[PDB]
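What follows is the residue order along each chain.
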Amino acid sequence: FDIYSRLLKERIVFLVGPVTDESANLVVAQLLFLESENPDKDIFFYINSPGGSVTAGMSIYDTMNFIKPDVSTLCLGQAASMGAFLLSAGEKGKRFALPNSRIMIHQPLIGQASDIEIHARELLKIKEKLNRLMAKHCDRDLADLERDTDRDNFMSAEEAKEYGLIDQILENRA
Amino acid sequence: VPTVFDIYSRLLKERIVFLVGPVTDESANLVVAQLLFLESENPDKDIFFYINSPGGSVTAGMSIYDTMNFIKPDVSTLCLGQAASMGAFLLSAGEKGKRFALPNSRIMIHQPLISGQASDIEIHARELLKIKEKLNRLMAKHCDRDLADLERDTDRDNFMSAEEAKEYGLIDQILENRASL
Amino acid sequence: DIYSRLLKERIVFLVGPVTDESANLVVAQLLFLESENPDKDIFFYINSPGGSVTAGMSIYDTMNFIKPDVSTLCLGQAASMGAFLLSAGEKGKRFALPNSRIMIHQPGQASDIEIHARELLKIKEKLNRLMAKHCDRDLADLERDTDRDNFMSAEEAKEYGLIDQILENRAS
Amino acid sequence: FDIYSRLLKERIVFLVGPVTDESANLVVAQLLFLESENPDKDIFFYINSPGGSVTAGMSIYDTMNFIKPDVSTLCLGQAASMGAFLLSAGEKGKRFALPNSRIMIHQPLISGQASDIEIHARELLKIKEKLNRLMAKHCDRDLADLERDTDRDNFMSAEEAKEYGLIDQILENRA
Amino acid sequence: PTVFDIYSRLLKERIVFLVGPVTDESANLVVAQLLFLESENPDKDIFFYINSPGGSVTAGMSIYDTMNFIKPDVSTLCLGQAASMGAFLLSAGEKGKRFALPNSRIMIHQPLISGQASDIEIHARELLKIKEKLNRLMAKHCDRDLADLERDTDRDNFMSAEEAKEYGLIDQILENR
Amino acid sequence: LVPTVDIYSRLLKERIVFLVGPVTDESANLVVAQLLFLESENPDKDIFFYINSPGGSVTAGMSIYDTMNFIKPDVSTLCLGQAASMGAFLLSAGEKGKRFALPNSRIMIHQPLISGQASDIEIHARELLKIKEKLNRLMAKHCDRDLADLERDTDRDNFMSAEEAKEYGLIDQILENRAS
Amino acid sequence: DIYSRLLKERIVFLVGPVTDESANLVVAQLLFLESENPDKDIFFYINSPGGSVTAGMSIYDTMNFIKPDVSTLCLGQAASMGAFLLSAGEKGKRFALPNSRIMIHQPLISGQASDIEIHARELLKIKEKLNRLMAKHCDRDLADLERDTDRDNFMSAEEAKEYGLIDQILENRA
Amino acid sequence: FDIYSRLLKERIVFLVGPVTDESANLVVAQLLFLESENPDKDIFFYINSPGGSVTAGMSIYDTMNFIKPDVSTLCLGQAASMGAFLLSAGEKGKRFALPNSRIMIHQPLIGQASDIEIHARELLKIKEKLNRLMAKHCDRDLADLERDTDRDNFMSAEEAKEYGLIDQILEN
Amino acid sequence: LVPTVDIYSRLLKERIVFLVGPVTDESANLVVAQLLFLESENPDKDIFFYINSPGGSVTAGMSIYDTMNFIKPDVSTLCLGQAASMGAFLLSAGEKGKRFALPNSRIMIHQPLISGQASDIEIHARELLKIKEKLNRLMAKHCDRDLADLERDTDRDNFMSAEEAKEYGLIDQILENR
Amino acid sequence: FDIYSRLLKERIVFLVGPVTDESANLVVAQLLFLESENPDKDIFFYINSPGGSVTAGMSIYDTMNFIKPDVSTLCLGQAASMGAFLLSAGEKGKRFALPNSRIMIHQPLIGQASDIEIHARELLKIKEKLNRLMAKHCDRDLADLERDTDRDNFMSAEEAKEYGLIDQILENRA
Ligand SMILES: *[B]([O])([O])[C]([C][C]([C])[C])[N]C(=O)[C]([C][C]([C])[C])[N]C(=O)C1=[C][C]=C(O[C])[C]=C1Cl
Ligand SMILES: *[B]([O])([O])[C]([C][C]([C])[C])[N]C(=O)[C]([C][C]([C])[C])[N]C(=O)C1=[C][C]=C(O[C])[C]=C1Cl
Ligand SMILES: *[B]([O])([O])[C]([C][C]([C])[C])[N]C(=O)[C]([C][C]([C])[C])[N]C(=O)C1=[C][C]=C(O[C])[C]=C1Cl
Ligand SMILES: *[B]([O])([O])[C]([C][C]([C])[C])[N]C(=O)[C]([C][C]([C])[C])[N]C(=O)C1=[C][C]=C(O[C])[C]=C1Cl
Ligand SMILES: *[B]([O])([O])[C]([C][C]([C])[C])[N]C(=O)[C]([C][C]([C])[C])[N]C(=O)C1=[C][C]=C(O[C])[C]=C1Cl
Ligand SMILES: *[B]([O])([O])[C]([C][C]([C])[C])[N]C(=O)[C]([C][C]([C])[C])[N]C(=O)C1=[C][C]=C(O[C])[C]=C1Cl
Ligand SMILES: *[B]([O])([O])[C]([C][C]([C])[C])[N]C(=O)[C]([C][C]([C])[C])[N]C(=O)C1=[C][C]=C(O[C])[C]=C1Cl
Ligand SMILES: *[B]([O])([O])[C]([C][C]([C])[C])[N]C(=O)[C]([C][C]([C])[C])[N]C(=O)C1=[C][C]=C(O[C])[C]=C1Cl
Ligand SMILES: *[B]([O])([O])[C]([C][C]([C])[C])[N]C(=O)[C]([C][C]([C])[C])[N]C(=O)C1=[C][C]=C(O[C])[C]=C1Cl
Ligand SMILES: COc1ccc(C(=O)N[C@@H](CC(C)C)C(=O)N[C@@H](CC(C)C)B(O)O)c(Cl)c1
């Protein structure tokens with residue numbers, strides 16, 4: 001059993017690199033597994049991601065919120081964009097980041113003019129929805145979210161804790 | 001893929017079928033194969049089909065569609081991430097009462113897209129018109145509403161949250177966790 | 001050359017993609033015909049499938065700015081911006097050849113894309129409104145008739161008010 | 001065991017996508033193993049093919065009518081061009097199409113010195129004349145009708161193909 | 001070669017060339033010539049020499065209408081080939097003054113093309129309108145009934161100068177002056 | 001491809017100088033040349049600088065800008081089609097009272113743009129910031145405005161109609177024809 | 001320019017391949033010389049490997065249509081369609097420099113089967129027509145041309161003169 | 001049990017080639033596994049790397065310092081930039097290079113003016129952070145790390161010993 | 001592409017030489033030609049060299065430099081836009097008393113940039129280094145600045161404003177209007 | 001077992017083709033595991049390589065001496081640049097070549113002025129380092145080695161032997 005096959009036996013799941021349909025649904029399949037083999041031990045999601053497909057990241061997000069085991073998120077390397085979004089979305093009290101991590105949040109990115117308007121209102125709805133869910137994960141005013149995702153918002157783990165995006169900083173096991 | 005059996009296969013043993021990414025004859029027939037396999041394994045229990053797709057080829061999706069229904073097993077559908085175009089068509093094509101979407105998933109519907117002689121172009125454009133009309137009709141049957149709504153609403157990209165699609169008739173229930181049942 | 005000669009007969013050509021360079025070339029010709037004589041008609045010949053909006057607007061505002069009455073003639077095709085500039089000719093002096101085709105249709109961070117989509121809709125309405133003026137028609141009719149590609153014969157573009165008359169031979 | 005090997009344990013064979021030399025010879029090999037395993041139970045050839053190489057598909061054709069077990073075809077998604085041809089040649093009374101399938105029959109598409117061109121064109125017209133023949137045999141249709149109805153892309157639904165004689169019956173559910 | 005270049009010298013004979021695919025460039029160049037020669041003298045014939053595979057339909061119609069608009073009769077001469085739009089503009093010449101050289105070939109075929117279903121429909125229906133209009137016009141030129149053009153153009157129809165002259169597509173096959 | 005009578009040469013002694021498409025060292029310097037030419041022929045007649053540009057290099061644009069302020073003629077600007085970014089920086093740079101625009105032109109203004117070692121990227125960013133502030137202040141002088149208005153209004157793409165660019169102070173008038 | 005000077009002396013070149021444009025440039029020079037003096041011969045210098053059959057028949061039928069006799073001279077080479085145009089100069093007036101190279105072969109190229117049929121039939125019409133015309137140029141039987149164009153047939157100026165292609169090989173001015 | 005698996009068995013982990021998001025996570029997973037096998041027996045980390053991404057390197061860094069086992073580091077061939085960061089991050093007393101392995105330290109090196117200003121602030125912060133951590137691994141001032149890493153600073157194994165970069169160089 | 005009245009010849013009639021863009025062989029030689037022709041046409045009048053350049057090759061620039069010093073006429077430099085790298089070196093090489101810049105022109109100076117066997121590489125690096133130190137030589141001369149000042153101020157990009165360029169010694173005055 | 005694992009059982013490690021970091025480190029790994037397997041058995045390093053990354057070559061080199069077993073090197077086909085260096089690195093007394101092999105030795109080959117100064121100085125330091133280690137492998141005067149590495153110096157197996165690079169040439173098993 002390959003290194004990840006074993007580390008999946010201590011209920012450790014990883015997210016490395018961008019969040020694509022395939023990387024996301026792989027995370028999702030691993031989560032579903034670890035629940036079906038025990039829906040009451042907590043699952044540990046280690047995130048090192050720059051972000052990626054919002055739809056792909058939402059597959060994960062909704063799966064975490066769906067499954068019975070608590071999903072403890074830990075950011076190593078970087079949790080930027082949807083990576084930061086899935087890090088903040090851990091079970092409250094159970095969100096973590098290594099000391100030298102870095103968390104980055106920002107508003108989203110990227111036919112007939114009719115279709116331009118369609119997709120534009122839709123992308124602004126995505127901006128809205130994400131700002132609200134992030135204010136939730138952080139217990140902050142929606143206004144705080146909108147104002148703090150306008151451009152690139154980089155965070156030491158200290159800042160993301162204070163900002164409420166994570167629960168604690170972990171130098172080591174103690 | 002990590003081995004545990006590998007992960008998609010271990011979930012296969014929970015009757016979990018995945019469709020990830022766009023619809024190609026390739027992945028469409030892979031999914032068709034898994035569904036026929038789960039019926040040859042258990043022609044009675046429910047097959048659980050997970051959708052995270054932007055759409056794709058129409059006949060590729062029709063092959064899956066026809067694998068559904070035909071098989072005695074009920075194919076429950078659950079969208080995660082996204083299920084647009086033919087993805088939404090299939091999501092609405094699940095066994096009635098067994099079509100679902102997670103809370104923050106996104107469902108989009110739109111008219112059929114395209115990637116010689118005037119005779120050939122006439123022929124194939126009218127073919128596309130019959131296809132667009134057949135799709136509108138089947139979708140009106142999946143959403144249990146009239147047709148006119150489907151033609152008006154699929155003229156341009158029509159996006160919907162998990163709740164607008166349920167009120168449309170694409171799915172039947174939203175699920176936050178298993179308790180939501 | 002041939003085009004400088006026809007120019008000396010006050011005939012300006014628009015051919016193909018309305019771009020910055022081609023539109024402003026037409027603009028230089030317009031100002032030079034007004035220079036040489038600000039009181040004789042100009043004859044603007046259009047076979048264009050459209051192009052840049054601001055390019056075409058440089059032209060539009062010039063045609064309306066200069067003292068000469070600018071007549072227009074569509075040959076082959078006038079599409080999008082081409083159809084717009086064909087509509088923009090001096091009223092009573094807009095023409096097309098008996099087998100021309102006139103065709104009208106609509107045109108970073110999420111903050112930026114909001115800015116630009118709002119801009120694009122502003123442009124869409126601006127064009128619908130000017131176009132309705134030209135044809136003397138309802139903005140609500142322009143909206144409906146430019147929603148997808150709208151192809152029109154010379155007879156149809158005439159009844160629609162895009163053009164005044166069809167020129168078969170030089171018997172008006 | 002992978003998914004397709006397990007499904008071969010059901011005597012189920014697929015042609016997915018274009019008919020190439022390989023993608024057709026693989027099908028021929030599967031039709032062979034099913035005859036070795038058990039030369040009397042029918043094989044069920046499942047067809048979702050846009051058509052393509054006529055030699056590659058002729059291997060499958062001659063193979064279908066060569067082996068002893070009856071071969072029952074099924075159009076899912078699409079049987080276009082040589083797809084529609086092989087679907088048409090399944091063991092008679094055993095040619096089926098799913099209800100929302102689509103079938104298309106056409107004269108052959110395709111894309112040196114004048115003597116070369118003169119050789120190759122007269123090979124292609126002979127092909128074009130062979131294919132309408134074997135189709136008129138498969139559909140119990142006239143040959144003239146196949147000639148006409150293949151001039152350009154003739155599109156037919158499962159019922160239209162059943163009415164042409166291309167398939168025998170449509171299948172909705174297990175029934 | 002400078003003789004002015006060669007083509008301007010022959011323009012001083014009212015000789016206008018259409019060589020190669022009918023683009024927008026080339027169609028408007030021919031149109032500008034036609035107008036220049038009517039400006040120079042609106043009563044001497046213009047001589048339009050066509051060797052083209054065809055091209056853009058609307059480009060070619062910019063020429064087709066300029067011919068019937070300018071005062072000069074426009075005599076057409078096929079040398080080499082006049083195919084598709086070439087043959088059409090060739091048969092568009094002033095009747096009695098349409099000519100071909102004896103090894104010119106002439107070919108007529110139906111129109112060709114290389115988004116949303118609603119748009120694909122509009123453009124396919126438009127192309128059908130094109131096909132039918134062009135068929136009626138070719139029937140007028142060749143003095144044929146429309147069904148005959150519909151029938152004789154469904155695929156590629158090649159034609160010798162004898163075949164062409166009979167098809168009413170031209171008036172004479174000129175060996176020499 | 002420019003017809004002889006070439007046509008822009010002819011116009012050049014209507015003292016009309018064109019700027020079209022991007023502002024580059026080459027095209028900006030060509031305008032720079034035309035300006036000195038018109039001044040030499042007559043350093044007491046107005047020049048009519050017509051602009052249909054989406055902008056470009058800022059040093060290229062400053063060529064035209066600082067030349068505009070150095071010659072003796074009044075450099076009356078006009079916009080047709082679009083003057084965006086530095087193209088809009090120059091339209092507002094015309095002699096006050098002589099900056100105009102046609103009815104359906106489009107102005108747009110926004111902050112700077114851009115397509116090594118930390119120490120080097122440090123320096124390049126510092127200069128880009130000096131230039132954002134420089135552009136903002138000079139812009140603020142052109143529309144007779146507060147520098148803060150310009151920082152606010154140029155943070156992203158600010159599109160303006162001719163009325164809006166007028167009110168903003170970029171242009172002085174809107175011209176529909178000769179009676180205007 | 002040198003070539004306009006030479007045009008003054010009624011020499012029309014044909015260098016490189018024979019496209020629609022190069023062939024039309026030659027046709028236009030033919031007409032300009034004829035109009036300028038219809039009763040003086042025109043000298044047509046061919047160094048060409050051949051090319052577009054239709055662009056070639058433009059030059060062919062045009063040489064035949066203008067009053068002036070068109071003498072043809074082969075320097076370098078006249079291949080496939082170049083050779084055919086060489087053999088088409090006014091009978092008695094077709095020449096080649098001593099170290100010329102002539103080549104003649106049947107036509108070649110480098111859709112639907114019904115369309116393909118139509119196209120092949122037309123290609124064969126062209127082949128037969130060209131063999132008939134070439135045979136008339138050469139005063140040979142048609143079967144002679146059929147057999148001898150079946151593949152690439154190479155001829156020295158010598159051999160081109162026997163076959164019926166040219167009339168005189170030209171060593172020096174003597 | 002392929003060569004690298006067999007060598008993993010007794011707590012040998014290789015970082016070979018650049019520090020990417022994936023090549024780093026593999027070493028991180030190996031460190032976690034070797035701890036899950038025994039948090040009390042040391043882990044030998046073999047480094048032949050030109051460097052790589054900074055995020056991916058701090059992931060391994062904090063994984064090194066978090067887990068219970070001492071992480072000893074061993075440079076073979078080269079440990080440049082980030083490779084030399086993690087080589088210094090080895091448990092003090094337990095950092096080694098081969099005799100002819102070569103070390104290099106350098107300062108880091110890689111929209112609108114706003115976004116540029118932001119990312120520039122972030123990179124200057126990253127540079128500062130790394131210089132401080134490096135000041136402490138070596139016993140050296142922050143001034144020493146600012147000055148000495150201004151450009152590519154090459155080190156023999158011995159000079160690196162001097163610098164507090166490693167502890168000992170190993171012959172046989 | 002370039003209007004006749006072409007305009008560049010016509011400003012040459014006024015002793016205006018342009019350097020626009022990167023210093024290449026062909027552009028630097030196109031400048032050398034104009035300096036020689038204007039010295040021949042009248043060696044008793046100033047030539048006006050207008051620089052808007054990011055810089056470029058150092059030998060190509062040295063040709064212009066040595067030509068500025070060879071001929072008799074005072075070559076008066078004017079920065080417009082930017083005179084970066086070599087362009088700045090040229091601008092500073094103008095006759096002392098006749099070097100100017102338009103007020104929003106930006107100036108830049110830095111050390112030489114560049115973009116086989118070990119022997120060959122040592123060899124070429126030696127030639128990059130005497131080049132760096134010779135450029136510092138000449139620039140400290142033009143600025144009436146000591147050499148160390150230049151060696152220090154060119155280790156990385158040093159952007160300067162018109163006023164800053166004046167204070168350095170790179171130009172003499174700034175021009176707003178005549 | 002693949003064939004290379006089978007021969008690795010016999011304690012044979014190949015260096016074939018270029019010396020990249022990946023390839024050199026795979027050879028390092030095989031050396032280490034053969035030591036683990038048995039540190040009282042010698043290792044057979046089969047070199048048919050043109051050279052590669054000097055640093056990767058050094059990674060293998062510093063291994064050879066450090067592990068306990070004698071690392072014998074055998075040049076078959078060729079050993080050039082870094083391959084030849086590692087060949088000369090075999091346990092002194094155990095550096096072999098095949099008869100039709102050959103050896104090649106030469107000098108190392110391949111921003112701002114300061115950085116190029118730095119990298120230059122470094123490259124010349126690598127040069128000196130390598131020359132001195134060479135003189136040590138072959139016991140020759142350092143003068144020889146640098147003067148005998150100014151450009152490409154080719155050697156038969158015999159020439160390598162008299163040079164000190166290798167020790168024995170081998171015809172057959174006898
Ligand atoms: B992150 O950099 O992954 C960021 C997610 C934020 C909102 C937490 N990503 C996006 O916003 C992405 C950009 C790339 C990283 C993929 N944007 C989209 O995925 C995307 C793409 C296409 C469309 O069309 C509507 C929408 C979106 Cl939202
Ligand atoms: B959707 O993006 O999945 C859409 C199908 C919906 C309406 C259920 N996709 C298509 O319609 C595709 C477009 C590409 C994105 C693949 N269209 C076709 O596959 C197609 C192509 C050609 C013809 O007739 C010639 C019909 C069709 Cl349906
Ligand atoms: B169909 O698209 O499967 C069609 C075959 C039908 C009529 C049963 N395909 C072809 O006819 C192919 C065309 C390409 C799409 C591959 N044609 C040939 O393979 C071909 C090529 C060459 C010749 O003679 C030289 C004959 C043929 Cl049949
Ligand atoms: B011929 O191949 O030039 C043919 C002319 C006659 C005989 C019909 N040309 C065309 O049919 C052209 C196609 C060429 C580009 C190959 N048709 C058009 O250009 C065309 C097609 C479709 C539409 O409507 C979208 C417009 C036009 Cl202009
Ligand atoms: B506009 O997009 O034309 C804008 C001008 C505004 C800000 C007045 N142009 C730019 O911002 C350009 C964009 C690039 C295409 C070059 N930027 C510059 O011109 C520029 C930016 C920064 C620096 O040095 C840091 C030099 C230059 Cl020339
Ligand atoms: B010669 O090699 O140029 C040869 C001329 C004769 C003597 C054989 N050239 C051709 O035959 C050319 C082929 C290429 C050299 C261009 N043939 C054609 O141009 C051609 C081929 C086929 C058709 O029918 C569609 C028309 C034409 Cl014009
Ligand atoms: B070394 O070349 O590996 C070096 C590490 C030290 C000694 C400074 N690497 C970096 O500095 C890397 C640059 C490249 C390797 C890509 N820096 C980054 O990766 C980096 C830089 C800046 C930002 O903020 C935008 C993020 C990152 Cl991840
Ligand atoms: B500047 O970027 O123009 C700079 C000149 C000054 C400020 C130092 N030019 C260069 O550094 C160029 C690099 C290219 C961008 C042209 N360097 C040279 O031209 C050069 C460099 C080194 C040597 O000797 C090895 C000769 C030359 Cl000509
Ligand atoms: B041989 O061609 O393998 C040769 C080895 C000896 C005999 C000199 N290889 C090298 O010299 C290599 C060059 C190429 C193979 C890439 N030198 C280096 O790899 C090298 C050179 C310089 C520096 O410092 C910047 C590092 C490296 Cl790794
Ligand atoms: C960002 O703001 C914008 C948005 C759009 C444009 C623009 O050019 N639109 C153009 C699109 C393309 C030709 C490029 C456009 O719509 N052209 C059409 C004109 C009319 C009838 C709507 B017809 O295709 O020429 C422009 Cl500058 C600026």
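Here the numbering of residues is sequential along each chain, from 1 in written sequence order, and it may depart from the entry's numbering. Residues without coordinates do not appear. By the order in which they are written, chains take letters starting at A while ligands take numbers starting at 1. Remember that the shown chains come from a larger assembly, so read each value as a statement about the shown part. The basis for the side-chain values is all heavy atoms of the structure; hydrogens and waters are excluded.

Re the interface of chain G and chain E
The contact rule is simple, with two residues in contact once any of their heavy atoms fall within 4.5 Å. With 34 residues of chain G in contact, the opposing surface of chain E contributes 29 residues. Two parts placed together each lose some accessible area under a 1.4 Å probe, and the buried area is that loss summed for both. Contact between chain G and chain E buries roughly 2,900 Å² in total, counting both sides, with carbon and sulfur atoms accounting for 58%. On the chain G side of the contact with chain E, G:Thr54, G:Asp61 and G:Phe65 bury the most area, a combined 22% of that side's loss. Any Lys or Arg side-chain nitrogen located within 4 Å of an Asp or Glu carboxyl oxygen qualifies as a salt bridge. Counting across the chain G and chain E interface gives three salt bridges. Among the ionic pairs, E:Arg177 bridges to G:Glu34, the shortest N-O distance being 2.4 Å. The definition of a polar contact used here is a pair of N or O atoms within 3.5 Å, where within protein one atom must be able to donate a hydrogen and the other to accept one, and adjacent residues in sequence count solely through side-chain atom pairs. For the interface between chain G and chain E, the tally reads twelve residue pairs in polar contact.

Focus on helix α2 (residues 21–37) of chain J
Taking 1.5 Å of rise per residue, the 17 residues of α2(J) would be expected to cover 24 Å, and the 24 Å separating its terminal C-alpha atoms lies within 8% of that figure. Within α2(J) the residues assigned to the buried category are J:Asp21, J:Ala24, J:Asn25, J:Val27, J:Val28, J:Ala29, J:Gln30, J:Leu31, J:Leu32, J:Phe33 and J:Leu34. Counting from the N terminus, the helices are the DSSP runs of H or I reaching at least four residues and the strands are the DSSP runs of E reaching at least two. To estimate the expected span of a helix, count its residues, drop one, and scale the result by 1.5 Å. Throughout, exposure labels follow a simple rule: accessible area from a 1.4 Å probe, protein chains only, divided by the maximum for the residue type, with under 20% read as buried, over 50% as exposed, and the rest as partly exposed.

A short note on the site of ligand 9
Note on terminology: near, applied to a residue and a molecule or strand, indicates that one of the residue's heavy atoms is within 4 Å of it. Around ligand 9, the surrounding shell holds 13 residues, and the nearest of these are H:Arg102, J:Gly52, J:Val54, J:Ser81 and J:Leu109. More than a single chain frames ligand 9: its nearby residues are located in chains H and J. In this structure, an oxygen atom belonging to ligand 9 sits 3.2 Å away from a main-chain N or O atom of J:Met82. Compared with its free state, where it exposes 660 Å², ligand 9 has 77% of that area covered by protein. Three categories are distinguished: nonpolar for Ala, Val, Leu, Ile, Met, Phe, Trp, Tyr, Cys and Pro, charged for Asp, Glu, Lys and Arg, and polar for the others, with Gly belonging to the last. Here the residues of the shell around ligand 9 are counted per class, giving five nonpolar, seven polar and one charged. All accessible areas in this document rest on Shrake-Rupley with a 1.4 Å probe, and a residue is counted as covered only by the protein chains that are shown.

Describing unusual backbone geometry
Unusually for a residue other than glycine, B:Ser85 sits at a positive phi of about 65°. Within the secondary structure, B:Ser85 sits in the loop between β3 (74–84) and α4 (86–93).

Topic: the arrangement of the chains
Ranking the 21 pairs of chains in contact by number of contacts places chains A and B first. If you take every C-alpha in chain B and every C-alpha in chain I, the smallest gap between them is 40 Å, and the two do not touch. At the level of C-alpha atoms, the two units chain E and chain J stay apart, their nearest approach being 48 Å.

So, the site of ligand 3
Residue and element names in this part refer to chain D. Close contacts around ligand 3 come from 13 residues, with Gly51, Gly52, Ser81, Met82 and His106 the closest. Take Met82: an N or O atom from its main chain is 2.9 Å from an oxygen atom of ligand 3. Note that an oxygen atom of ligand 3 is positioned 3.2 Å from one of the side-chain N or O atoms of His106. Protein chains bury 74% of the 660 Å² of accessible surface belonging to ligand 3 in isolation. Looking at which element gives the most residues to the shell around ligand 3, the answer is helix α5 (residues 114–138), with four residues.

Some thoughts on the packing of aromatic side chains
Two aromatic rings from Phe, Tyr or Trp, using only the six-membered ring of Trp, form a pair when their centres are within 6.5 Å; if the ring planes differ by under 30 degrees the pair is stacked, by over 60 it is edge-to-face, and anything between is tilted. With the rule as written, the count across this model stands at 30 aromatic pairs over all chains. Both rings, one in D:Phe14 and one in D:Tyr46, keep their centres 5.7 Å apart while their planes meet at 85°; by these two values the pair is edge-to-face. Linking D:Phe14 in strand β1 (residues 12–16) with D:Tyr46 in strand β2 (residues 43–49), this pair joins segments that are 32 residues apart in sequence. A centroid spacing of 5.6 Å and a plane angle of 80° characterise the contact between H:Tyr4 and H:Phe14, whose relative ring orientation is edge-to-face. Of this pair, H:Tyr4 sits in helix α1 (residues 3–8) while H:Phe14 sits in strand β1 (residues 12–16); the two residues are ten residues apart in sequence, bridging distant segments of the chain. One aromatic cluster in this structure is built from A:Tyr4, A:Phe14 and A:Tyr46. Positioned above the aromatic ring of A:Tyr163, the side-chain terminus of A:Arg140 is 4.7 Å from the ring centre. Positioned above the aromatic ring of C:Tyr160, the side-chain terminus of C:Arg137 is 5.0 Å from the ring centre. To sit over a ring, a charge needs its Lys NZ or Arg CZ within 6 Å of the ring centre and within 35 degrees of the ring normal.

Describing the environment of E:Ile15
Residues and elements named next belong to chain E. The topology assignment puts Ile15 in strand β1 (residues 15–19). According to the relative accessible area criterion, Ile15 is buried, its value standing at 9%. Along the sequence, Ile15 and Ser91 sit 76 residues apart, while their C-alpha atoms lie 17 Å from each other. Setting aside chain neighbours within four positions, we find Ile15 in contact with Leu10, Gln33, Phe47 and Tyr49.

Looking at the packing of helix α2 (residues 20–36) of chain C against helix α3 (residues 53–65) of chain C
All names here are of chain C. Remark: α2 packs on α3, axes separated minimally by 8 Å, with the N-to-C direction vectors making an angle of 10°. With respect to their mutual orientation, α2 and α3 come out roughly parallel. Once α2 is placed against α3, the crossing between them reads as left-handed. Between α2 and α3, the contacting residues are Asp20, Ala23, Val26, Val27, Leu30 and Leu31 on the first element and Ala55, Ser58, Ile59, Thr62 and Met63 on the second. Across the contact of α2 with α3, the residue classes tally to eight nonpolar, two polar and one charged. Where helices are involved, their axes are fitted lines through C-alpha atoms of the stretch in contact, as for all axes, and angles between N-to-C directions lie from 0 to 180°. Roughly parallel here means an angle under 35 degrees, roughly antiparallel means over 145, roughly perpendicular means 65 to 115, and every remaining angle is called oblique. Two helices crossing with the near one rotated counterclockwise from the far one by less than a right angle form a left-handed crossing, whereas a clockwise rotation gives a right-handed crossing.

Side note on empty space enclosed by the protein
Only protein atoms enter the calculation, which uses a 1 Å grid: trapped sets of points that fit a 1.4 Å probe without letting it out are cavities, open sets showing protein on both sides within 12 Å along at least five of seven lines are pockets, and any residue with an atom within 4 Å of a point is a lining residue. Grid points are joined across faces, edges and corners, and a volume is the space filled by probe spheres set on the points. In this structure, the largest cavity encloses a volume near 40 Å³. E:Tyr49, E:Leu77, E:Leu79, E:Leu101, G:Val27, G:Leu31, G:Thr62 and G:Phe65 together form the lining of the largest cavity. Secondary structure elements with two or more residues in the lining of the largest cavity: β3 (74–83) of chain E together with α2 (20–36) and α3 (53–65) of chain G. Per-class residue counts for the lining of the largest cavity are seven nonpolar, one polar and no charged.

Some points on the UniProt feature "active site" in chain E
All names here are of chain E. The feature "active site", as given by UniProt, occupies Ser84 and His109 in the numbering adopted here. These residues run over 26 residues, yet every pair of their C-alpha atoms falls within 5.9 Å of each other. Residue position: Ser84 is located in the loop between β3 and α4 (85–91). Exposure remark for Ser84: the relative accessible area of 18% places this residue in the buried category. Residues within four places of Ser84 in sequence aside, it is in contact with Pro53, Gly54, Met107 and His109. UniProt positions are given in the numbering used here, feature names are shortened, and annotations may be inferred rather than shown by experiment.

Remarks on the state of the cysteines
Residue and element names in this part refer to chain F. We call a pair of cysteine sulfur atoms a disulfide whenever their separation is within 2.5 Å. Counted by the stated rule, this structure contains zero disulfides over all chains. Of all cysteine sulfurs, the one in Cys143 lies closest to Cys79, which takes part in no disulfide; the gap is 13 Å. Residue classification places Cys143 among the buried residues on the basis of a relative accessible area of 5%.

Section: the pairing of strand β1 (residues 11–15) of chain C
Within a regular strand, side chains alternate between the sheet's two faces. Residue and element names in this part refer to chain C. For β1, the buried fraction is high: four of the five residues fall into the buried class. Should DSSP find at least two bridges between two strands, the strands are taken to pair. As judged from the five bridges shared by β1 and strand β2 (residues 42–48), these two strands associate in the parallel manner. The residue bridging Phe13 from the neighbouring strand is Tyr45, located in β2. Once you follow β1 into α2 and on to β2, the crossover reads as right-handed. Every crossover in which the path from the first strand over the helix to the second runs clockwise, viewed with the strands pointing away from the viewer, is termed right-handed.

Some remarks on the pattern of salt bridges
Taken as a whole, this structure holds 122 salt bridges over all chains when the rule is applied. Put simply, B:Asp44 and B:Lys72 hold a salt bridge, and the shortest N to O gap is 2.7 Å. Residue B:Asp44 is found in the loop between α2 (25–41) and β2 (46–53), and its partner B:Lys72 is found in the loop between α3 (58–70) and β3; the two are separated by 28 residues along the sequence. One network of salt bridges, with partners in common, ties together A:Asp150, A:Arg151, C:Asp112, F:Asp155, F:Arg156 and H:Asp115.

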